[PDB]
Structure formats: C-alpha cells, structure tokens
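Text of input.pdb, listed as PDB, C-alpha atoms:
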```pdb
MODEL        1
ATOM      1  CA  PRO P  15      24.269   8.453  -7.278
ATOM      2  CA  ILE P  16      21.603   5.920  -6.345
ATOM      3  CA  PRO P  17      23.157   2.494  -5.830
ATOM      4  CA  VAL P  18      22.153  -0.550  -7.853
ATOM      5  CA  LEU P  19      19.995  -2.902  -5.832
ATOM      6  CA  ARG P  20      21.045  -6.545  -5.828
ATOM      7  CA  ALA P  21      18.574  -9.390  -5.582
ATOM      8  CA  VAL P  22      18.260 -11.385  -2.398
ATOM      9  CA  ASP P  23      19.476 -14.957  -2.770
ATOM     10  CA  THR P  24      16.663 -16.794  -1.099
ATOM     11  CA  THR P  25      18.362 -20.186  -1.737
ATOM     12  CA  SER P  26      20.589 -19.392   1.290
ATOM     13  CA  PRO P  27      19.804 -21.670   4.234
ATOM     14  CA  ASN P  28      19.593 -18.464   6.272
ATOM     15  CA  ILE P  29      16.590 -17.228   4.249
ATOM     16  CA  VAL P  30      13.571 -19.486   4.674
ATOM     17  CA  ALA P  31      10.142 -19.067   3.134
ATOM     18  CA  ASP P  32       7.462 -18.679   5.760
ATOM     19  CA  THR P  33       4.493 -20.983   5.055
ATOM     20  CA  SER P  34       2.552 -20.227   8.251
ATOM     21  CA  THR P  35      -1.123 -19.242   7.835
ATOM     22  CA  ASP P  36      -0.541 -16.279  10.112
ATOM     23  CA  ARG P  37       1.893 -14.666   7.640
ATOM     24  CA  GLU P  38       0.057 -15.341   4.363
ATOM     25  CA  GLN P  39       0.124 -12.323   2.061
ATOM     26  CA  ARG P  40      -2.104 -11.239  -0.827
ATOM     27  CA  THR P  41      -0.968  -9.054  -3.763
ATOM     28  CA  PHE P  42      -2.792  -7.129  -6.452
ATOM     29  CA  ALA P  43      -0.443  -6.627  -9.378
ATOM     30  CA  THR P  44      -0.952  -5.349 -12.922
ATOM     31  CA  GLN P  45       1.566  -7.727 -14.542
ATOM     32  CA  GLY P  46       2.964 -10.162 -12.004
ATOM     33  CA  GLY P  47       5.077  -9.912  -8.869
ATOM     34  CA  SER P  48       4.075 -10.409  -5.258
ATOM     35  CA  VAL P  49       5.081  -9.793  -1.610
ATOM     36  CA  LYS P  50       6.236 -12.942   0.156
ATOM     37  CA  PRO P  51       7.112 -13.643   3.850
ATOM     38  CA  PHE P  52      10.458 -15.074   5.007
ATOM     39  CA  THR P  53      12.335 -15.886   8.189
ATOM     40  CA  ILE P  54      15.794 -14.458   7.810
ATOM     41  CA  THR P  55      18.878 -15.137   9.954
ATOM     42  CA  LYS P  56      21.791 -12.699   9.891
ATOM     43  CA  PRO P  57      24.971 -12.331  11.962
ATOM     44  CA  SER P  58      24.909  -9.722  14.712
ATOM     45  CA  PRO P  59      27.008  -6.587  13.875
ATOM     46  CA  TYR P  60      27.858  -6.279  17.573
ATOM     47  CA  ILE P  61      28.131  -9.634  19.361
ATOM     48  CA  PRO P  62      30.521 -12.322  18.120
ATOM     49  CA  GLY P  63      28.926 -15.533  16.962
ATOM     50  CA  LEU P  64      25.369 -14.305  17.633
ATOM     51  CA  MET P  65      22.788 -14.996  14.920
ATOM     52  CA  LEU P  66      19.714 -12.780  14.763
ATOM     53  CA  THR P  67      16.493 -14.227  13.300
ATOM     54  CA  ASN P  68      13.575 -12.024  12.225
ATOM     55  CA  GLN P  69      10.460 -12.136  10.036
ATOM     56  CA  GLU P  70      10.729 -10.107   6.855
ATOM     57  CA  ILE P  71       8.751  -9.468   3.670
ATOM     58  CA  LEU P  72      10.542  -9.479   0.324
ATOM     59  CA  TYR P  73       9.167  -8.322  -3.027
ATOM     60  CA  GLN P  74       9.346 -11.043  -5.735
ATOM     61  CA  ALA P  75       9.455  -9.340  -9.135
ATOM     62  CA  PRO P  76       7.745 -10.758 -12.254
ATOM     63  CA  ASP P  77      11.140 -12.161 -13.312
ATOM     64  CA  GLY P  78      11.319 -14.269 -10.175
ATOM     65  CA  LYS P  79      14.086 -12.177  -8.446
ATOM     66  CA  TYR P  80      13.534 -11.081  -4.823
ATOM     67  CA  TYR P  81      14.218  -7.593  -3.469
ATOM     68  CA  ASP P  82      14.152  -6.020  -0.051
ATOM     69  CA  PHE P  83      12.388  -2.855   0.913
ATOM     70  CA  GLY P  84      15.158  -0.488   1.930
ATOM     71  CA  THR P  85      16.410   3.023   2.017
ATOM     72  CA  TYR P  86      16.836   3.800  -1.703
ATOM     73  CA  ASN P  87      13.765   2.161  -3.325
ATOM     74  CA  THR P  88      11.194   4.410  -1.654
ATOM     75  CA  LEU P  89       9.416   7.664  -2.304
ATOM     76  CA  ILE P  90      11.120  10.910  -1.405
ATOM     77  CA  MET P  91      10.098  11.987   2.103
ATOM     78  CA  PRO P  92       8.483  15.412   2.534
ATOM     79  CA  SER P  93      10.650  18.146   4.092
ATOM     80  CA  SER P  94      10.486  18.406   7.919
ATOM     81  CA  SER P  95      11.558  22.069   8.005
ATOM     82  CA  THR P  96       8.160  23.807   8.523
ATOM     83  CA  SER P  97       4.831  22.473   9.843
ATOM     84  CA  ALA P  98       3.852  22.003   6.152
ATOM     85  CA  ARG P  99       4.333  18.518   4.685
ATOM     86  CA  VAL P 100       4.248  18.191   0.919
ATOM     87  CA  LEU P 101       4.812  14.901  -0.894
ATOM     88  CA  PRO P 102       6.815  15.514  -4.049
ATOM     89  CA  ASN P 103       4.881  14.401  -7.156
ATOM     90  CA  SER P 104       7.848  12.731  -8.924
ATOM     91  CA  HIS P 105      10.453  10.315  -7.543
ATOM     92  CA  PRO P 106      13.430   8.422  -8.915
ATOM     93  CA  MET P 107      13.152   4.608  -8.967
ATOM     94  CA  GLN P 108      16.084   2.536  -7.766
ATOM     95  CA  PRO P 109      17.989   0.700 -10.468
ATOM     96  CA  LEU P 110      18.232  -3.077 -10.088
ATOM     97  CA  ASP P 111      20.872  -5.702 -10.880
ATOM     98  CA  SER P 112      18.611  -6.929 -13.773
ATOM     99  CA  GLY P 113      18.397  -3.476 -15.359
ATOM    100  CA  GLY P 114      14.904  -3.066 -14.070
ATOM    101  CA  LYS P 115      13.876  -0.475 -11.497
ATOM    102  CA  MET P 116      11.828  -0.532  -8.270
ATOM    103  CA  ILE P 117      10.015   1.775  -5.940
ATOM    104  CA  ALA P 118       7.761   1.301  -2.881
ATOM    105  CA  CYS P 119       6.097   3.565  -0.292
ATOM    106  CA  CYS P 120       8.328   5.484   2.140
ATOM    107  CA  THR P 121       6.714   3.948   5.154
ATOM    108  CA  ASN P 122       9.582   4.182   7.632
ATOM    109  CA  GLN P 123      10.197   7.701   8.760
ATOM    110  CA  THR P 124       8.896   9.620  11.740
ATOM    111  CA  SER P 125       7.648  13.233  11.833
ATOM    112  CA  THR P 126       6.793  13.087   8.138
ATOM    113  CA  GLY P 127       3.280  13.134   9.541
ATOM    114  CA  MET P 128       1.289  12.266   6.428
ATOM    115  CA  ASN P 129      -0.862   9.534   7.560
ATOM    116  CA  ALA P 130      -1.391   7.735   4.174
ATOM    117  CA  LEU P 131       2.262   6.719   4.158
ATOM    118  CA  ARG P 132       2.291   5.180   7.613
ATOM    119  CA  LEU P 133       1.423   1.715   6.422
ATOM    120  CA  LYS P 134       2.221  -1.147   8.836
ATOM    121  CA  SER P 135       0.537  -4.123   7.185
ATOM    122  CA  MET P 136       1.014  -3.567   3.432
ATOM    123  CA  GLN P 137       3.223  -2.037   0.781
ATOM    124  CA  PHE P 138       2.555  -0.632  -2.668
ATOM    125  CA  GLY P 139       4.802   0.328  -5.506
ATOM    126  CA  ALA P 140       6.012  -0.664  -8.950
ATOM    127  CA  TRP P 141       8.630  -2.727 -10.674
ATOM    128  CA  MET P 142       9.921  -1.852 -14.146
ATOM    129  CA  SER P 143      11.564  -4.460 -16.405
ATOM    130  CA  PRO P 144      14.779  -3.848 -18.350
ATOM    131  CA  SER P 145      12.366  -3.708 -21.317
ATOM    132  CA  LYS P 146      10.509  -0.797 -19.642
ATOM    133  CA  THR P 147       7.246  -2.607 -19.094
ATOM    134  CA  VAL P 148       5.847  -2.044 -15.577
ATOM    135  CA  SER P 149       3.977  -4.087 -12.958
ATOM    136  CA  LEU P 150       2.363  -1.926 -10.283
ATOM    137  CA  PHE P 151       1.429  -3.688  -7.050
ATOM    138  CA  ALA P 152      -0.266  -3.358  -3.676
ATOM    139  CA  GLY P 153       0.087  -6.277  -1.295
ATOM    140  CA  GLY P 154       0.037  -7.185   2.386
ATOM    141  CA  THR P 155      -1.679  -8.977   5.204
ATOM    142  CA  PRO P 156      -5.340  -9.236   4.288
ATOM    143  CA  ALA P 157      -7.944  -8.026   6.736
ATOM    144  CA  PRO P 158      -9.607 -11.039   8.298
ATOM    145  CA  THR P 159     -13.323 -11.049   7.382
ATOM    146  CA  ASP P 160     -14.301 -12.180  10.881
ATOM    147  CA  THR P 161     -13.087  -8.959  12.438
ATOM    148  CA  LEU P 162     -14.231  -6.410   9.823
ATOM    149  CA  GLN P 163     -16.096  -3.447  11.244
ATOM    150  CA  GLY P 164     -19.523  -4.221  12.693
ATOM    151  CA  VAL P 165     -19.017  -8.014  12.765
ATOM    152  CA  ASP P 166     -18.716  -7.947  16.565
ATOM    153  CA  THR P 167     -22.089  -6.102  16.951
ATOM    154  CA  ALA P 168     -24.079  -7.556  13.978
ATOM    155  CA  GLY P 169     -22.347 -10.690  12.671
ATOM    156  CA  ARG P 170     -21.535  -9.035   9.357
ATOM    157  CA  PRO P 171     -19.731  -5.903   8.264
ATOM    158  CA  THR P 172     -21.681  -2.671   8.777
ATOM    159  CA  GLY P 173     -21.269   1.078   8.541
ATOM    160  CA  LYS P 174     -18.680   3.146   6.732
ATOM    161  CA  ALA P 175     -14.938   3.824   6.738
ATOM    162  CA  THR P 176     -12.841   6.497   5.074
ATOM    163  CA  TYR P 177      -9.239   5.972   3.980
ATOM    164  CA  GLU P 178      -6.507   8.513   3.200
ATOM    165  CA  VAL P 179      -4.566   7.131   0.240
ATOM    166  CA  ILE P 180      -1.803   7.747  -2.279
ATOM    167  CA  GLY P 181      -1.804   6.688  -5.930
ATOM    168  CA  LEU P 182       1.300   5.771  -7.877
ATOM    169  CA  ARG P 183       1.955   5.601 -11.594
ATOM    170  CA  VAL P 184       5.200   5.249 -13.627
ATOM    171  CA  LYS P 185       5.834   7.901 -16.267
ATOM    172  CA  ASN P 186       9.107   8.173 -18.180
ATOM    173  CA  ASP P 187      11.343   6.229 -15.844
ATOM    174  CA  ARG P 188       9.993   8.040 -12.748
ATOM    175  CA  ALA P 189       7.438   7.258 -10.169
ATOM    176  CA  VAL P 190       4.691   9.843 -10.013
ATOM    177  CA  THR P 191       2.300  10.310  -7.101
ATOM    178  CA  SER P 192      -1.091  11.808  -6.391
ATOM    179  CA  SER P 193      -1.261  15.244  -4.738
ATOM    180  CA  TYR P 194      -0.698  15.265  -1.037
ATOM    181  CA  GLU P 195      -0.059  18.170   1.321
ATOM    182  CA  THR P 196      -0.848  18.292   4.999
ATOM    183  CA  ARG P 197      -0.245  20.824   7.785
ATOM    184  CA  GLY P 204      -5.205  16.435  10.922
ATOM    185  CA  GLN P 205      -5.597  19.229   8.334
ATOM    186  CA  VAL P 206      -5.133  18.217   4.682
ATOM    187  CA  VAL P 207      -4.610  20.866   2.022
ATOM    188  CA  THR P 208      -4.730  18.325  -0.820
ATOM    189  CA  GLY P 209      -5.199  14.569  -0.486
ATOM    190  CA  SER P 210      -7.052  11.533  -1.831
ATOM    191  CA  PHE P 211      -9.779   9.689   0.014
ATOM    192  CA  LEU P 212     -11.639   6.439  -0.574
ATOM    193  CA  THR P 213     -14.744   5.475   1.397
ATOM    194  CA  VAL P 214     -16.174   2.015   1.847
ATOM    195  CA  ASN P 215     -19.872   1.630   2.618
ATOM    196  CA  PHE P 216     -20.216  -1.837   4.144
ATOM    197  CA  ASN P 217     -24.068  -1.497   4.255
ATOM    198  CA  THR P 218     -24.274  -1.271   0.453
ATOM    199  CA  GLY P 219     -20.963  -2.935  -0.425
ATOM    200  CA  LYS P 220     -19.674   0.054  -2.389
ATOM    201  CA  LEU P 221     -16.399   2.005  -2.612
ATOM    202  CA  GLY P 222     -16.131   5.614  -3.778
ATOM    203  CA  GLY P 223     -13.611   8.411  -4.019
ATOM    204  CA  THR P 224     -10.962  10.102  -6.138
ATOM    205  CA  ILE P 225      -7.231   9.795  -6.438
ATOM    206  CA  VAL P 226      -6.199  13.436  -7.101
ATOM    207  CA  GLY P 227      -3.882  14.136 -10.023
ATOM    208  CA  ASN P 228      -1.350  16.831 -10.900
ATOM    209  CA  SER P 229       1.084  17.702 -13.698
ATOM    210  CA  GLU P 230       3.265  14.665 -12.905
ATOM    211  CA  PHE P 231       0.695  12.034 -11.974
ATOM    212  CA  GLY P 232      -1.686  13.008 -14.770
ATOM    213  CA  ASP P 233      -5.441  13.001 -14.624
ATOM    214  CA  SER P 234      -7.231  12.154 -11.393
ATOM    215  CA  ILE P 235      -8.674   8.630 -11.087
ATOM    216  CA  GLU P 236     -12.335   8.686 -10.101
ATOM    217  CA  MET P 237     -13.926   5.498  -8.711
ATOM    218  CA  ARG P 238     -17.095   4.823 -10.681
ATOM    219  CA  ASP P 239     -18.760   1.549  -9.663
ATOM    220  CA  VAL P 240     -16.801  -0.547  -7.241
ATOM    221  CA  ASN P 241     -18.318  -3.436  -5.295
ATOM    222  CA  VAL P 242     -16.983  -4.724  -1.984
ATOM    223  CA  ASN P 243     -17.277  -8.441  -1.073
ATOM    224  CA  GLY P 244     -15.689  -9.390   2.267
ATOM    225  CA  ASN P 245     -12.160  -7.949   2.322
ATOM    226  CA  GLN P 246     -11.908  -7.542  -1.488
ATOM    227  CA  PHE P 247     -13.271  -5.111  -4.034
ATOM    228  CA  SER P 248     -13.418  -4.696  -7.794
ATOM    229  CA  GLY P 249     -15.069  -2.570 -10.446
ATOM    230  CA  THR P 250     -14.519   0.460 -12.650
ATOM    231  CA  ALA P 251     -12.819   3.843 -12.453
ATOM    232  CA  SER P 252     -12.210   6.641 -14.968
ATOM    233  CA  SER P 253      -9.319   8.843 -15.810
ATOM    234  CA  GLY P 254      -9.221  11.281 -18.709
ATOM    235  CA  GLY P 255     -12.056   9.525 -20.515
ATOM    236  CA  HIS P 256     -10.517   6.064 -20.152
ATOM    237  CA  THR P 257     -12.138   3.301 -18.082
ATOM    238  CA  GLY P 258      -9.910   1.228 -15.814
ATOM    239  CA  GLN P 259     -10.508  -1.936 -13.892
ATOM    240  CA  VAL P 260     -10.125  -1.533 -10.098
ATOM    241  CA  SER P 261      -8.947  -4.555  -8.081
ATOM    242  CA  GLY P 262      -8.036  -4.321  -4.444
ATOM    243  CA  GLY P 263      -8.655  -5.167  -0.839
ATOM    244  CA  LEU P 264      -8.639  -4.318   2.788
ATOM    245  CA  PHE P 265      -5.485  -5.012   4.763
ATOM    246  CA  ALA P 266      -4.339  -5.231   8.429
ATOM    247  CA  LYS P 267      -5.483  -7.500  11.211
ATOM    248  CA  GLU P 268      -7.668  -6.197  13.994
ATOM    249  CA  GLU P 269      -6.233  -4.504  17.096
ATOM    250  CA  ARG P 270      -7.106  -5.830  20.561
ATOM    251  CA  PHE P 271      -6.832  -4.684  24.082
ATOM    252  CA  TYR P 272      -4.676  -6.714  26.402
ATOM    253  CA  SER P 273      -7.630  -8.795  27.713
ATOM    254  CA  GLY P 274      -8.587  -9.823  24.143
ATOM    255  CA  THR P 275     -11.437  -7.300  23.721
ATOM    256  CA  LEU P 276     -11.624  -5.745  20.236
ATOM    257  CA  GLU P 277     -10.195  -2.240  20.053
ATOM    258  CA  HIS P 278     -10.262  -1.624  16.259
ATOM    259  CA  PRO P 279     -11.589  -3.884  13.527
ATOM    260  CA  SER P 280      -9.487  -5.380  10.748
ATOM    261  CA  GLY P 281      -9.110  -3.345   7.565
ATOM    262  CA  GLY P 282      -7.186  -0.438   8.875
ATOM    263  CA  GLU P 283      -5.322  -0.266   5.561
ATOM    264  CA  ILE P 284      -6.410  -0.443   1.936
ATOM    265  CA  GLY P 285      -4.694  -0.978  -1.414
ATOM    266  CA  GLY P 286      -5.107  -2.061  -4.974
ATOM    267  CA  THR P 287      -4.508  -1.495  -8.664
ATOM    268  CA  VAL P 288      -6.233   0.340 -11.486
ATOM    269  CA  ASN P 289      -5.671  -1.206 -14.902
ATOM    270  CA  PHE P 290      -6.551   0.708 -18.099
ATOM    271  CA  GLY P 291      -4.962  -1.917 -20.402
ATOM    272  CA  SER P 292      -1.915  -4.035 -20.974
ATOM    273  CA  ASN P 293       1.149  -1.810 -20.539
ATOM    274  CA  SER P 294      -0.887   1.331 -20.230
ATOM    275  CA  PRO P 295       1.012   4.216 -18.697
ATOM    276  CA  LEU P 296      -2.249   5.184 -16.899
ATOM    277  CA  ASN P 297      -2.033   2.056 -14.727
ATOM    278  CA  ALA P 298      -1.751   2.729 -11.001
ATOM    279  CA  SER P 299      -1.279   1.161  -7.629
ATOM    280  CA  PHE P 300      -2.530   2.737  -4.432
ATOM    281  CA  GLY P 301      -2.415   2.307  -0.676
ATOM    282  CA  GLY P 302      -3.422   4.072   2.469
ATOM    283  CA  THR P 303      -4.711   4.152   5.998
ATOM    284  CA  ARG P 304      -8.105   4.278   7.696
ATOM    285  CA  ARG P 305      -8.713   7.847   8.875
ATOM    286  CA  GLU P 306     -12.143   7.246  10.414
ATOM    287  CA  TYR P 307     -14.725   4.545  10.764
ATOM    288  CA  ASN P 308     -18.201   4.128  12.186
ATOM    289  CA  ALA P 309     -19.787   0.719  12.296
ATOM    290  CA  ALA P 310     -23.102   2.341  13.270
ATOM    291  CA  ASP P 311     -23.412   4.581  10.192
ATOM    292  CA  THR P 312     -26.678   3.853   8.411
ATOM    293  CA  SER P 313     -25.830   5.902   5.272
ATOM    294  CA  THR P 314     -26.375   4.317   1.879
ATOM    295  CA  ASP P 315     -23.845   6.482   0.039
ATOM    296  CA  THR P 316     -20.021   6.685  -0.275
ATOM    297  CA  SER P 317     -19.717  10.246   0.989
ATOM    298  CA  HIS P 318     -16.663  10.612   3.151
ATOM    299  CA  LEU P 319     -16.585  10.640   6.929
ATOM    300  CA  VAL P 320     -15.323  14.087   7.986
ATOM    301  CA  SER P 321     -14.895  14.204  11.818
ATOM    302  CA  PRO P 322     -12.281  16.754  12.877
TER
ENDMDL
END
```
I'd like the structure from this file rewritten - as structure tokens, please.
Amino acid sequence: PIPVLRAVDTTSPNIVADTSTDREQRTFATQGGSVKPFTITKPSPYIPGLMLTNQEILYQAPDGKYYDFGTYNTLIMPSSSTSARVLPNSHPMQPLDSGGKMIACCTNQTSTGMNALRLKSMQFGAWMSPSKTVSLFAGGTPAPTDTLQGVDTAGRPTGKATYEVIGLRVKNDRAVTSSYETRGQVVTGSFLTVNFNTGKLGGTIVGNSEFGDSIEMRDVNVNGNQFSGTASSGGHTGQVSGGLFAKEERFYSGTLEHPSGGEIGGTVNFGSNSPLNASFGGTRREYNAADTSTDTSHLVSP
C-alpha cells in the first residue's frame, strides 16, 4: 500500500527558507500552491554528530502545508525490460496527512530514457484537496531573459526551439498523462515549439483514453521568459499560462554553451475546477538561434 505522506514542519530551526535571488522560483498553478526553496540540515546516517546541510525545494500546497518530492508521489516509471519505453497513461496519487493527494514528475531515475521527464530545473504535478478540488502546477527556476537564445548574437531572443513535453490532468482520483512512447526515436509524444522571432508558441499535447482529448495550442504569445494565450480541447477553450525554465549552461571559462530556457512548463485552465485543467513540463530537444522561420513548425533534426 502507498504510504501516507506527512507534511514537512518548516518551523524547525533546521529548515530555513532561502531568500537568495539566485534560488527564486516561479510557479504557474490553477488554484494555488507553489514551489519554494529551503536550506535543510539533517543528521548524517553514517557519521556521529555530523550535520549535513543541503538546498532543497518543497511544494507548498494551497492549504499552506509543505511536502517533499520523494519516491511515492511521482509518476510510474516506464519498464526498462526492452528497448521500448512507454509511459503509463494513469498513475496513483500519494495520499497526504490532510486527506489530500499529490503527484509530481518522476524526474529521478536513470535508463528510463524519455527525455521529457528528465527535468533538472522545474517540477510539475497536481495537488488534490480532501474536498477533491485540484490545483495543477508547473514551477521552477525561471530562465533568465539575458541569456535566452540569440541574446548573445543579437541582443534579443531569436530563432526557434522545440520542446518534448508531458501533460498531466487529474481524473477520478488518478493522475492521467499524455501519450508517450520512445525507443532519439519517438513513437508517440508531445511537442511545443517557441518562435522567438514572432513571439509565438505552438504544438499539441497528445491525448488518449485516460488523459482525454488532446490539447492544441491555438494562439499563444511569448514575452521574455513567459507566455500566455489560448488552447482547445474537445471544443472547449482553455487559458494557457506558462514560462521558460532553467539557467544557461556555460563552459568552464565562462563562455556560453547553451542558452537559458532549456525547460518549459505551464498550466491550461478551462474553468474553475474543470477536470480538463492540465499542467505540463518538458525539455528542450533542439534549438537554433539562427532560424529565420516565421511559423511554429517543429524543429526535426535527427
């Protein structure tokens, strides 16, 4: 049986909120809740008297309670038994001390492959209240605007980038996910492309019998590291709100290796307490700051 997750007591002197600018987080949530940084001190399991201090992120639910990301409040991992990797489309959520439930991306495990899940600078998921209302979220370290793609060669963002993503909804006490199967060959997957020349985002989060109807981006504008606009699913219009995540990557000398915005996430909101509401997150599969396209067609290098 899945264990009940207890809240973290952040009033402990060993758990200290991190107010540094470097660790500031941003969350998109449908009905409250956010990811928040802490410095946490814990006794060593191995060395007497030794205290171990590390940076952590906790999820603060809409009720104010804090939860860690751990082993039982994540998506089911795909099987490792063949080359094939299939993400199951339905997942149990972990019950909470409050009577709510929680789930977040299974970021942590190796040889899953499945690049959308390999998030390093964000998380996405959902919290359910004891009353069965849900707040879906995507939050993380925002992509600094000064190191977005193209800024180093033009002074502003330019070109295009394509992201490999997963969508999450909550249906009937379970988390349900968009179709994803890999074998960088992808049998089924969901892709979003940002055109920084035109400031547009396009793409489709692919549905199935569990997730429900696909979510098609319709008119989404991109301003700096944030975006917003409309999407459709089954005839219903939802409001898209999201952003680009992850700092830039540098070579040892300080030279830019990859721009900021290597991850992406957000929410799609079809109405207060709508079961269609979604969060999503994923990773940058490809980018080209020099692309002069004016459309949101995907980049498709092998």
Which neighbours of region 241-256 of chain P fall inside 6 Å, counting only C-alpha atoms, when residues of the same chain fewer than 6 positions from it are skipped, and could you give them as a PyMOL selection string?
chain P and resi 159+219-220+233-235+262-264
For the residues in that selection, give me C-alpha atoms as a PDB file, keeping the file's coordinate frame.
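Below you can see part.pdb, which holds the result:
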```pdb
ATOM      1  CA  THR P 159     -13.323 -11.049   7.382  1.00  0.00           C
ATOM      2  CA  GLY P 219     -20.963  -2.935  -0.425  1.00  0.00           C
ATOM      3  CA  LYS P 220     -19.674   0.054  -2.389  1.00  0.00           C
ATOM      4  CA  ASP P 233      -5.441  13.001 -14.624  1.00  0.00           C
ATOM      5  CA  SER P 234      -7.231  12.154 -11.393  1.00  0.00           C
ATOM      6  CA  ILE P 235      -8.674   8.630 -11.087  1.00  0.00           C
ATOM      7  CA  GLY P 262      -8.036  -4.321  -4.444  1.00  0.00           C
ATOM      8  CA  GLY P 263      -8.655  -5.167  -0.839  1.00  0.00           C
ATOM      9  CA  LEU P 264      -8.639  -4.318   2.788  1.00  0.00           C
TER      10      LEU P 264
END
```
Quick one: everything within 12 Å of residue 277 (chain P), counting all atoms listed in the file, minus sequence neighbours fewer than 5 positions away in the same chain. Send it as a VMD selection string.
chain P and resid 161 to 163 166 267 to 272 282
Output C-alpha atoms for every residue in the selection just made, as a PDB file, keeping the file's coordinate frame.
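Output saved as out_21.pdb:
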```
ATOM      1  CA  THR P 161     -13.087  -8.959  12.438  1.00  0.00           C
ATOM      2  CA  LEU P 162     -14.231  -6.410   9.823  1.00  0.00           C
ATOM      3  CA  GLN P 163     -16.096  -3.447  11.244  1.00  0.00           C
ATOM      4  CA  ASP P 166     -18.716  -7.947  16.565  1.00  0.00           C
ATOM      5  CA  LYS P 267      -5.483  -7.500  11.211  1.00  0.00           C
ATOM      6  CA  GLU P 268      -7.668  -6.197  13.994  1.00  0.00           C
ATOM      7  CA  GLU P 269      -6.233  -4.504  17.096  1.00  0.00           C
ATOM      8  CA  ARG P 270      -7.106  -5.830  20.561  1.00  0.00           C
ATOM      9  CA  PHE P 271      -6.832  -4.684  24.082  1.00  0.00           C
ATOM     10  CA  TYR P 272      -4.676  -6.714  26.402  1.00  0.00           C
ATOM     11  CA  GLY P 282      -7.186  -0.438   8.875  1.00  0.00           C
TER      12      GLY P 282
END
```
Separation of CA of residue 125 (chain P) from CA of residue 100 (chain P), in Å and rounded to one decimal:
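Between CA of residue 125 (chain P) and CA of residue 100 (chain P) the gap works out to 12.5 Å.
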Any chance you could resolve the PyMOL selection byres ((chain P and resi 196) around 10) against this file and give the residues as a JSON list (two decimals) with C-alpha atoms, in the frame of the given file?
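Wrote it out as part.json, contents follow:
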```json
[["chain", "number", "residue", "atom", "x", "y", "z"],
["P", 97, "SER", "CA", 4.83, 22.47, 9.84],
["P", 98, "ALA", "CA", 3.85, 22.00, 6.15],
["P", 99, "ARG", "CA", 4.33, 18.52, 4.68],
["P", 100, "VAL", "CA", 4.25, 18.19, 0.92],
["P", 101, "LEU", "CA", 4.81, 14.90, -0.89],
["P", 126, "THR", "CA", 6.79, 13.09, 8.14],
["P", 127, "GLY", "CA", 3.28, 13.13, 9.54],
["P", 128, "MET", "CA", 1.29, 12.27, 6.43],
["P", 129, "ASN", "CA", -0.86, 9.53, 7.56],
["P", 194, "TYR", "CA", -0.70, 15.26, -1.04],
["P", 195, "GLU", "CA", -0.06, 18.17, 1.32],
["P", 197, "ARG", "CA", -0.24, 20.82, 7.78],
["P", 204, "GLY", "CA", -5.20, 16.43, 10.92],
["P", 205, "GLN", "CA", -5.60, 19.23, 8.33],
["P", 206, "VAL", "CA", -5.13, 18.22, 4.68],
["P", 207, "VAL", "CA", -4.61, 20.87, 2.02],
["P", 208, "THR", "CA", -4.73, 18.32, -0.82],
["P", 209, "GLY", "CA", -5.20, 14.57, -0.49]]
```
Expand the PyMOL selection byres ((chain P and resi 67) around 10) into the individual residues it matches in the shown file, reporting them as a PyMOL selection string.
chain P and resi 28-29+53-58+64-66+68-70
I need the residue set behind the PyMOL selection byres ((chain P and resi 300-317) around 9) for this file; please write it as a ChimeraX atom specification.
/P:119,129-133,136-139,150-153,163-165,167,171-183,211-218,220-223,225,262,281-288,298-299,318-321
Using only C-alpha atoms, can you tell me which of P:95, P:237, P:39, P:188 comes closest to residue 210 (chain P)?
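Of all the options, P:237 lies closest to residue 210 (chain P).
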Missing atoms in region 262-273 of chain P should be modelled up to N, CA, C and O atoms and reported as a tab-separated table (two decimals), in the frame of the given file.
```tsv
chain	number	residue	atom	x	y	z
P	262	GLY	N	-8.74	-4.58	-5.68
P	262	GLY	CA	-8.04	-4.32	-4.44
P	262	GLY	C	-8.65	-4.97	-3.23
P	262	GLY	O	-9.52	-5.82	-3.36
P	263	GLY	N	-8.17	-4.58	-2.07
P	263	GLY	CA	-8.65	-5.17	-0.84
P	263	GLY	C	-8.35	-4.40	0.37
P	263	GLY	O	-7.65	-3.35	0.35
P	264	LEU	N	-8.91	-4.88	1.48
P	264	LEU	CA	-8.64	-4.32	2.79
P	264	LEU	C	-7.55	-5.15	3.45
P	264	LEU	O	-7.56	-6.40	3.31
P	265	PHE	N	-6.66	-4.44	4.12
P	265	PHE	CA	-5.48	-5.01	4.76
P	265	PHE	C	-5.48	-4.65	6.26
P	265	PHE	O	-6.13	-3.71	6.70
P	266	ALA	N	-4.61	-5.37	6.98
P	266	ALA	CA	-4.34	-5.23	8.43
P	266	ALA	C	-5.29	-6.02	9.30
P	266	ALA	O	-6.55	-5.95	9.16
P	267	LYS	N	-4.68	-6.81	10.21
P	267	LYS	CA	-5.48	-7.50	11.21
P	267	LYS	C	-6.11	-6.50	12.16
P	267	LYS	O	-5.66	-5.37	12.30
P	268	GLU	N	-7.12	-6.97	12.90
P	268	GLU	CA	-7.67	-6.20	13.99
P	268	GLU	C	-6.69	-5.87	15.13
P	268	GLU	O	-5.68	-6.55	15.26
P	269	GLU	N	-7.03	-4.87	15.94
P	269	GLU	CA	-6.23	-4.50	17.10
P	269	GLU	C	-7.06	-4.83	18.31
P	269	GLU	O	-8.27	-4.56	18.34
P	270	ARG	N	-6.41	-5.43	19.31
P	270	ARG	CA	-7.11	-5.83	20.56
P	270	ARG	C	-6.49	-5.21	21.79
P	270	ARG	O	-5.30	-4.90	21.85
P	271	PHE	N	-7.33	-4.99	22.78
P	271	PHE	CA	-6.83	-4.68	24.08
P	271	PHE	C	-6.16	-5.91	24.68
P	271	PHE	O	-6.29	-7.07	24.22
P	272	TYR	N	-5.44	-5.65	25.76
P	272	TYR	CA	-4.68	-6.71	26.40
P	272	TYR	C	-5.52	-7.97	26.75
P	272	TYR	O	-5.06	-9.11	26.52
P	273	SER	N	-6.70	-7.73	27.28
P	273	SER	CA	-7.63	-8.80	27.71
P	273	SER	C	-8.14	-9.66	26.57
P	273	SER	O	-8.65	-10.76	26.80
```
